[PDB]
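Below: one structure, written as structure tokens.
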Amino acid sequence: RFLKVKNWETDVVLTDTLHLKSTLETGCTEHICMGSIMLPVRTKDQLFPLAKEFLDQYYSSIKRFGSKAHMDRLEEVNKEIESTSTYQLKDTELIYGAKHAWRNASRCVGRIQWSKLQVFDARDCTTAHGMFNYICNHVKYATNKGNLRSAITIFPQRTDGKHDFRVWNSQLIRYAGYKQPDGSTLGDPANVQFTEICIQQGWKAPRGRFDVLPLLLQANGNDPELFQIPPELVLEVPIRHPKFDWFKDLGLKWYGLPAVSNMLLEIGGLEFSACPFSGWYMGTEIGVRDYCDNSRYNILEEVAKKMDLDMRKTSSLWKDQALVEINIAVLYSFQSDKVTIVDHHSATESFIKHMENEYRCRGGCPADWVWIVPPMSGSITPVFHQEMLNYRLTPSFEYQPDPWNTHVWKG
Amino acid sequence: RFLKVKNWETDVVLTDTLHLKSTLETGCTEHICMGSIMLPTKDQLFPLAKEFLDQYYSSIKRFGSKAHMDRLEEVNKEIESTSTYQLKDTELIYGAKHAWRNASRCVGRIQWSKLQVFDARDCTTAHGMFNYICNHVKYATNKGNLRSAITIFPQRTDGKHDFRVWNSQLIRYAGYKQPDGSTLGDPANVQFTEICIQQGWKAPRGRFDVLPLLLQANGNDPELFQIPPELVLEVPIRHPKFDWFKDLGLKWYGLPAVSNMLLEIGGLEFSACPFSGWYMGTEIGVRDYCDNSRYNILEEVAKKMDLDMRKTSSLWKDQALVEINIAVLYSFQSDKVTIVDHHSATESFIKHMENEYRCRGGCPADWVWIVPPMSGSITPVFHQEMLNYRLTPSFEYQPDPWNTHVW
Ligand code: HEM
Ligand code: HEM
Ligand SMILES: Cc1cc(N)nc(C[C@H]2CNC[C@H]2OCCNCc2ccccc2O)c1
Ligand SMILES: Cc1cc(N)nc(C[C@H]2CNC[C@H]2OCCNCc2ccccc2O)c1
Ligand SMILES: C[C@H](O)[C@H](O)[C@H]1CNc2nc(N)[nH]c(=O)c2N1
Ligand SMILES: C[C@H](O)[C@H](O)[C@H]1CNc2nc(N)[nH]c(=O)c2N1
Ligand SMILES: [Zn+2]
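The listed protein sequences correspond, in order, to chains A and B. Numbered by the UniProt record's numbering, the letters in the first sequence go through residues 299 to 338, 348 to 718 in order. Numbered by the UniProt record's numbering, the letters in the second sequence go through residues 299 to 338, 350 to 716 in order.
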């Protein structure tokens, strides 16, 4: 079968056949679309087909499908599964798999970059101190003094589900949030609960508006351990505005390295529960979401106040005005400090070129419109007008529950 | 089977039960989500009629009453005898209000129960259709104090006698492709404008020429009519701070009035059912003015603001966009023509959703359409999970008549 997608701005029509390799479910049915829902221990039995499908994909990619090396590797993995109940990826397969999870990540607008990913193999890691060291090296390598490089670090896979590696932080670098007795929040409200866990674990909180959180790391199903990332490794950007000299006095800054640490990488049926990965920011993630979401830093009011906008009626579009200026400030600040960042016009145009290339060479590019369209100025970006098909390919990145909810405390 | 939706800003969780009454299909499967696709007999009609009359009699608290059983029988007899049936005025009004209520792509549905329904089922000619439509236009406009309305022409019979309005909206601007290669007026209407002139329209060849109505009665060839200019309320566009704004010579019409859709009530199909409300500001300022394939005025505006257009990262498009949208709202508000901003409309829709969840067990909603085309995440709808499903009565898309009609 063939599915068609249309761009309503260009009338360019693309044909998808890759959706025929989709295995996992969407959450949608013929009767309900769950396209805007945010979140919609394996047997040998379920494991060998998944291994086989993956190795068939790996061997086709290298143009060795059905070769002796392909056949020997299937047999070898087969034997490893029956005997040990799991199996180990070759380094080449791990790299391919991690690149493909990114390539297949339908919520990611940055995927033009998928084939340039530095993979750090941390599968020999055994302790939380070992994890800390790996994660420092990743941060320093990725940061590269502002010339950011995409990277992923991959800790040992799940075994019985009792011995999981996890990074408890949702991202490697984030700011503490503190709920005050009066109900206000100091710092980042998204991180209150986690900040509270860190404090309970023994973290001494400076209690400011931009305190980089400690890493809380769990190796081999053990209780998690606290580490402070060396501050010389945490690149930050003070935020100022090119025309508005009072903007600096808002006291804003942000970190340069966006690094998701709570997701699960599935490759060939294997589950890598700790696999922090990082790229560089699109300006709107900070200027729109981190700064202006009402449940985050929520700076719209204070900015529009200082711009002397008419704030008595929403129809003055004061919020929209303050929003644009903040996003100008973020991009200006990162560029001035030579820290890599991409604006939403550039990122979306690049994504459209990526998606078109993928249709020609791959037969498709699964894409989640709800996530791909930027959270400001949607329709003046080319992605708004692009029809997309969302389906699930493996290798893949997946959500997993927060570890404080499932962890068996040892003491 | 019971489904939850969460608002990620407020943590409010709602439980949807209404989806289990979903009739039609979404286009999605368990393998593939088509959420962002624009367009994804006697025997058949009685189930549809019964489904509808059941929900109608339920709504007036008369479910299972003799009058309920009697109507079901009467309709049954009429279908077996005539191969269709006719709706009571009460059923027609309820059906039309419910098609709007069910419109998952509409942010304005808090209004759904205040719809003036004009019953035009006795209409027989295009001139009659023109009369009905001028009266709708005038009623709805109400000197700028806009009132929601729908006008319902006769239902489909054998499908060879369709009533259609060929216009996509009652009021739109002409589009003409030039020897220059560029486009004068609205590029969306080039083909429709080339159907008008071909049937004999006196095209003035300007940038903002209100198109003529092209009306088809009883499956006949369509005829041209000009809406009395004093019935087409238009707004010159100016900015409250930028004096030069007026010099772009921009204007828009006050009445948004979709005229190409099909109203389905109880299996009956109303192929000509123009309806209207009032604008949300972004429809004009973001979409009409700034789409690359529309009036596409961003470049001109950014220039008069003297912004740096050398690099996308100065956000010049974004800056101009906000100002263009400030101007649209200010102009409509100054000329006292009803308009809603995207902040107000989306806050009202959140209130509406909560009402529908509380009183009806859900509210079908298409997030892709409901989130405004600018400033998405600063409106509350951005953070609201929505379930999309199809309920009847409904408005549906239908083929453009020129591809279907035989002359
Ligand atoms: C290179 C620069 C990159 C840019 C500009 C970029 C951009 C983005 C943005 C804007 C999002 C949406 C995030 C949000 O709204 O919360 C996202 C999501 C995502 N990206 Fe990227 N990305 C980049 C690199 C990467 C890398 C290196 C990976 C992994 C190897 C990755 C995998 C993902 C995944 C799995 C998501 C979905 C996350 C979720 O559902 O929470 N991306 N990307
Ligand atoms: C009262 C003021 C109203 C407001 C502010 C409003 C708002 C909107 C908006 C912004 C859209 C998206 C349009 C687009 O982007 O193309 C829309 C779509 C729609 N509305 Fe409304 N609406 C109103 C009244 C009505 C009425 C009176 C009806 C029918 C009786 C209706 C039925 C629909 C339908 C069926 C769609 C989807 C049309 C399509 O798929 O192209 N709306 N609404
Ligand atoms: C590798 C990478 C690069 C990039 N530019 N952005 C990202 C995403 C990071 C930085 N900005 C937002 C953050 O993503 C956080 C995870 N996604 C949001 C999310 C997912 C599930 C549930 C709740 C959520 O808030 C990752
Ligand atoms: C009753 C009503 C009120 C309102 N405020 N807006 C509307 C929608 C009107 C005003 N702006 C766009 C117009 O709807 C056009 C049709 N919708 C978009 C569409 C659908 C299918 C195919 C192509 C399209 O462009 C209707
Ligand atoms: C309910 C809705 O799906 C949710 O708010 C989504 C919308 N789109 C998004 N898009 C991105 N990129 N990131 C997000 O967090 C969200 N949030
Ligand atoms: C391809 C995509 O579905 C298309 O551009 C949609 C997106 N969301 C929309 N939302 C609204 N309200 N109106 C539209 O015309 C569109 N167009
Ligand atoms: Zn879907």
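Quick reminder that beta carbons are idealized off the backbone N, C-alpha and C, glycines included.
beta-carbon residue i near ligand 5 non-hydrogen atom, thresh 7 Å
i	result
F691 of chain B	yes
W676 of chain A	no
residue 347 of chain B	This model leaves out residue 347 of chain B; its place in chain B lies between 338 and 350, and no residues are given there.
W306 of chain B	yes
Pair within 8 Å by beta-carbon distance, residue i and residue j
i	j	result
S477 of chain B	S568 of chain B	yes
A405 of chain B	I461 of chain B	yes
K351 of chain B	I402 of chain B	no
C672 of chain A	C326 of chain B	no
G509 of chain B	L533 of chain B	yes
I546 of chain B	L559 of chain B	yes
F472 of chain A	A581 of chain A	yes
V610 of chain B	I633 of chain B	yes
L520 of chain B	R456 of chain B	no
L571 of chain B	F584 of chain B	no
Best match in the options for proximity to residue i [C-alpha to C-alpha]
i	options	result
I335 of chain A	B:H692, B:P702 and B:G468	B:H692
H329 of chain A	B:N697, B:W716, B:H377 and B:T713	B:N697
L557 of chain A	A:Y598, A:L520, A:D398 and A:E360	A:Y598
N601 of chain B	B:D615, B:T393, B:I648 and B:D495	B:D495
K386 of chain B	B:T621, B:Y366, B:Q364 and B:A358	B:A358
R430 of chain A	A:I419, A:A629 and A:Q395	A:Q395
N529 of chain A	A:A408, A:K304, A:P338 and A:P710	A:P710
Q628 of chain B	A:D489, A:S684, A:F704 and A:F355	A:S684
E382 of chain B	B:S622, B:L362 and B:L316	B:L362
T433 of chain A	A:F372, A:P531, A:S622 and A:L455	A:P531
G594 of chain A	A:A376, A:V310 and A:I606	A:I606
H651 of chain A	A:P681, A:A636, A:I635 and A:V677	A:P681
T466 of chain B	B:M438, B:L354 and B:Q364	B:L354
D552 of chain A	A:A636, A:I536 and A:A512	A:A636
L479 of chain B	B:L493, B:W409 and B:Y441	B:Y441
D309 of chain A	A:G670, A:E694, A:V677 and A:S703	A:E694
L522 of chain B	B:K612, B:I506 and B:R516	B:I506
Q487 of chain A	A:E503, A:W475 and A:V474	A:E503
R669 of chain A	A:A376, A:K612 and A:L700	A:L700
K660 of chain B	B:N305, B:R299, B:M378 and B:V474	B:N305
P565 of chain B	B:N664, B:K511 and B:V446	B:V446
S640 of chain B	B:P689, B:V677, B:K550 and B:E705	B:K550
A449 of chain B	B:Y588, B:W625 and B:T713	B:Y588
Near ligand 1: residue i beta-carbon under 7 Å from a heavy atom
i	result
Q478 of chain A	no
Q507 of chain B	no
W409 of chain A	yes
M570 of chain A	yes
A654 of chain A	yes
Residue i: CB within 7 Å of a non-hydrogen atom of ligand 3
i	result
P565 of chain A	yes
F584 of chain A	yes
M336 of chain A	yes
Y604 of chain A	no
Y706 of chain A	yes
Residue i CB to nearest heavy atom of ligand 2 below 7 Å
i	result
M589 of chain B	yes
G594 of chain B	no
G417 of chain B	yes
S457 of chain B	yes
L424 of chain B	yes
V649 of chain B	yes
Contact test: residue i Cβ vs ligand 6 heavy atom, cutoff 7 Å
i	result
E694 of chain A	yes
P682 of chain A	no
Ligand 4 heavy atom lying under 7 Å from the CB of residue i
i	result
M662 of chain B	no
3 or more residues per run - each beta strand (DSSP E) lying fully within the stretch 364-434 of chain B: Within the stretch 364-434 of chain B, the complete beta strand (DSSP E) runs of at least 3 residues are 425-428.
Any alpha helix (DSSP H) of 4 or more consecutive residues that is wholly inside the stretch 628-672 of chain A: At a cut-off of 4 residues, the continuous stretches assigned as alpha helix (DSSP H) that sit fully inside the stretch 628-672 of chain A are 651-669.
Neighbouring residues (CB closer than 5 Å to any heavy atom of ligand 7): Every residue whose Cβ sits closer than 5 Å to any heavy atom of ligand 7 is listed here in chain order: A:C326, A:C331, A:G333, B:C326, B:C331 and B:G333.
Within the stretch 584-616 of chain B, ranges of the alpha helix (DSSP H) (whole runs, at least 4 residues): Those alpha helix (DSSP H) runs which fall completely within the stretch 584-616 of chain B and span 4+ residues are 607-613.
Ordered list of beta strand (DSSP E) runs contained in the stretch 482-538 of chain A, each at least 3 residues: Within the stretch 482-538 of chain A, the complete beta strand (DSSP E) runs of at least 3 residues are 484-486, 492-494, 522-525 and 532-534.
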